[PDB]
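Notes to accompany the following structure.
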Amino acid sequence: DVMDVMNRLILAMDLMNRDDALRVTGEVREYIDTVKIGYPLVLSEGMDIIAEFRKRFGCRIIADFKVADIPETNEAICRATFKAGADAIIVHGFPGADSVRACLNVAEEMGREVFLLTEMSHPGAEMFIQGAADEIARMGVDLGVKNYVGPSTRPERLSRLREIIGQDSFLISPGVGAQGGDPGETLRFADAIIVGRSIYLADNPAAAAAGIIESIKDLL
Amino acid sequence: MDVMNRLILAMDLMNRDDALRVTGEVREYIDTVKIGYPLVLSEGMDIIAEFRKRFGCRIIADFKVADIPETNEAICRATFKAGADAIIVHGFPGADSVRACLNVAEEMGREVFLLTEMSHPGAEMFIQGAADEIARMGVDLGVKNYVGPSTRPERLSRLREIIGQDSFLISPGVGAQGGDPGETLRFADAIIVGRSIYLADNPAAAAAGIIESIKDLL
Ligand SMILES: O=c1cc(O)n([C@@H]2O[C@H](COP(=O)(O)O)[C@@H](O)[C@H]2O)c(=O)[nH]1
Ligand SMILES: O=c1cc(O)n([C@@H]2O[C@H](COP(=O)(O)O)[C@@H](O)[C@H]2O)c(=O)[nH]1
């Protein structure tokens, strides 16, 4: 009972121009039915961009807003985001259990989903997040979180996070391609990989997506 | 940064009409407004320019920036394009993520505020134990503007100690979350106040009342 992500591949659509974002997403639509829309695009083009993607592509939308405020403000952010049509929202765990619970409560009321971001993929994640990440994941399990985000760039950490959350939980993983993570290796542990620049900066985004999928064909 | 009455309005109403009306009602008391995602995600980034057109106030974009460096850069660019004077960034994701924001702020003539410890109970779980180190990281990176919690004055005082008297420190959690205006201003340069003003029956009277209570500190 998890979202059915086509080809185990989620597009990170971080282009900031509406025309470019729509063009590239349309070009890879035959390969991907799940799109992650973040603040680069939303802050540039408005929350209606979620509406426009739904209208144009009929793709699931994960709002990557890394929600990281106090409970009251988290609640408001989730309400606005789901009102706009996002299927799911990504929330940081490091601000603690009350902040996460606030998001879960809105998601439950509104019939949508929360993804909990545990450890991040970039080098700076080692300073503070990494040391808290196993406990953040365990906290997620205790709170009944079913969907998680963890880093492609650290296979050993991604493996441990998978263990903590169990095989029934849903796990998606960014850092594939541009940041150095390998698609196949990452899919040993993650249900789906998130890929941005390797696709959307390619001369032919469809060929780039098709190439990634070909490389993991035996895992589909 | 010179904040009128040491008081920053946290404008978290999610309706444009109410947000503009309430801000107008307290305009004589403030010249600095913190705008966050509740308002921006409901009404659009154009609300920032509208506030600058109507009030001339400085605008702090409270976006709790907490992504990887590449994405942080993009978020800061979009935010400053919309006319924000400053942006609030989480320190927990580490130094490279903060530096990405500092770079864009320098390029566009803006300021970064580094959020160290947060004001809500959940901050005790992970953030509090990292907060002193996050503040030292800010010092190492040349950060001059910081955010810390009204709800824990002993922690706010420690943050002030780490960053020094020359750094600028603003503090939320005043009023609704339990923090005291005057006590907070022992350590912070300015207090952030949301619900105590914008949910008050009479927001202007609420603002005036807070200012009366700290008049000897102005
Ligand atoms: O730990 C994380 C969590 C993320 O959401 N992301 C997001 O995943 C995407 C990665 O894109 P890319 O494939 O271009 O590196 C970006 O949108 C980024 O904000 C990440 O890179 N690392
Ligand atoms: O630690 C923090 C950091 C914040 O930015 N904030 C923000 O400050 C404001 C506090 O508003 P209020 O006075 O209604 O509690 C909110 O916009 C909130 O998101 C906070 O409450 N605690």
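Note that ligands are numbered from 1 as they come in the structure, with each ligand's atoms numbered from 1 the same way. All chains are named by letter (A, B, ...) in the order of the sequence lines, taking the proteins before the strands, and each is independently numbered beginning at 1.
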Salt-bridge criterion met for [X] and [Y] (N-O under 4.0 Å):
{"X": "A/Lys66", "Y": "A/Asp64", "answer": "yes"}
{"X": "B/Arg155", "Y": "B/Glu117", "answer": "yes"}
{"X": "B/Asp85", "Y": "B/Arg110", "answer": "no"}

message: Taking side chain to side chain donor-acceptor pair (under 3.5 Å) as the cut-off, I'd like each qualifying pair that reaches into residues 181-201 of chain A, sequence neighbours left out, listed once.
response: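 Of all non-adjacent pairs touching residues 181-201 of chain A, those that pass side chain to side chain donor-acceptor pair (under 3.5 Å) are A/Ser152-A/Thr186, A/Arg162-A/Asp191.
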
- prompt: Tell me, which residues have any heavy atom less than 4.0 Å from some atom of ligand 1?
  reply: A/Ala12, A/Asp14, A/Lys36, A/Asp64, A/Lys66, A/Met120, A/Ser121, A/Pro174, A/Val176, A/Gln179, A/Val195, A/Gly196, A/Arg197, B/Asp67, B/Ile68, B/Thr71

query: Should the ring pair B/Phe168 and B/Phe113 be called parallel, tilted or perpendicular, given that the plane angle runs from 0 to 90° and is split at 30 and 60?
result: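 Answer is perpendicular, since the angle exceeds 60°.
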
query: Can you tell me if CZ on B/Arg52 sees more than 12 non-hydrogen neighbours from other groups inside 6.0 Å?
result: no

